[PDB]
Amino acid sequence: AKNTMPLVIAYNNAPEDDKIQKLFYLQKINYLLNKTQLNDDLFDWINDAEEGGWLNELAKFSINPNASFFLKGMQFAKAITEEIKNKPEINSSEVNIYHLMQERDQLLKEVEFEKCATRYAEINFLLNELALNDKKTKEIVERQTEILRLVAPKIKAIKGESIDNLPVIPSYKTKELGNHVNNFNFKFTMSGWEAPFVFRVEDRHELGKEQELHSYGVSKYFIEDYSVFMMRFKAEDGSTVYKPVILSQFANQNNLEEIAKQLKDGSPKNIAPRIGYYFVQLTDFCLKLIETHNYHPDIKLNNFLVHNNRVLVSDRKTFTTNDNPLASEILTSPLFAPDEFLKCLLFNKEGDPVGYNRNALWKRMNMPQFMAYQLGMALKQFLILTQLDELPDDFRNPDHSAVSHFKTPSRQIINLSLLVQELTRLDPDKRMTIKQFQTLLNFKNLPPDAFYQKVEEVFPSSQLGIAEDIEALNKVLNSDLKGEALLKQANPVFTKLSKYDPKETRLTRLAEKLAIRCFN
């Protein structure tokens, strides 16, 4: 609510030989406008181009107000480095750009200039050194700078567009109808670039979460954004609302759901290796997101774009920093949500969520185990969609595995189907973790029996409470008896296994190998 006024005062009061202090307060204000809901007056302030205005003063330092989080940071770093007189110890091979960005953002978040001026200058110096001497960083800055230069007229035309003529976007949590059409989400190409670009309008009034994530390694899985700015829209009431407009490349391969459906009409031996390629990215993204103390409660195949065979995410409105939130504090899709979430909802006839029940007032989700379940259902939907045109009605039934929809499954499909069951157990504390899943993906070519042994080494069955019955099935399987004579020493353990409220997959698998030996 326009909390920037003490920093405008400090900027004005700063001596003008000390332009590093000036730049520190410009970046501090900028870090705070990204966390601030815009009202009518603050919009015109951040859009003031004449002298005394926010935009006019950023132009003085060659800083683009519409630049992406990363490139606006590097433009600050370039301006600050023009003013530093004491040069730090140059060490490029020892520098991590994400660590520099994170520690810079913590300074802008809560630290006064007197307590951090020198470290604030050295961090920006190191950032600029990467832009000058690191080929990777230099070409990123060169590409975003050029794109931002070629799309400047479109940006001013968007800002220059009438508000009575600006669109109202209706709300819906779906994908069957697809993306709603407004004037801004139309593909286009710029002269000299074969790839098409697109503007997107997000359903949010501030980019506070977006700003934290772009300094973390997990942002590698974000579609590259080239421009960001708030825009006026019309609300349901007709009043003015403020939403971010973000420019990025158009993802040329739709999403992961459509990628799986294309595998139906390809060579079958390609399915399991390609699942490895895609899910190695999904798994690394999840672990990297969890490392930042952020969590994704709406994991599903169609929520992950694919562009140049790279799995990417653009819907980050649902990310939360809360590892143990209540059911009403997260957005998710009920078809892929774990049962601990579904037990907090009420349903009408045919099973549609219509609200929350008593449980939603106290029941919390463990987001890492929540994500493991959804990642498991993403693998299950992927596997099934390579065999069927639509998802089957028994898709949420854990007793109906993904491999049960394969007519001629290979070993890798059998092993991947087992991973689904390990990730989607009912008890969240007994689900395979995403880290364990990441370890086992590299062993998917193992013979099914050897792969089951690998799962036992990674995720021991003792930690599921089934160790008592594992020795009961192993005792009979280690016996020399065969045929019906073995079956009556296997009858007691069999009936003990049919008395399970949810069937434990690991016991269902060992009982069958024991059932085979009984039939002769």
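So that there is no doubt, residue numbering starts at 1 and follows the sequence shown.
As the entry records it, the average C-alpha temperature factor is higher for 314-322, out of 416-424 and 314-322. Look at the C-alpha B-factors of 345-353 and of 78-86. On average they run higher in 345-353.
Which of 110, 236, 449, 339 has the largest Cα B-factor in the deposited entry comes down to 236. Of the candidates 174, 438, 386, 404, the one whose C-alpha carries the top B factor in the deposited record is 174. Residue 492: CA B factor in the highest third of modelled residues in this chain (values from the PDB entry). Per-chain ranking of the deposited C-alpha B factor places residue 192 in the highest third. Residue-level temperature factors show residue 205 in the highest third of its chain, judged at the C-alpha atom. Ranked within its chain, residue 460 lands in the lowest third, by CA B factor from the PDB record. For residue 334, the recorded CA B-factor ranks within the middle third of the chain. Only modelled residues enter the ranking.
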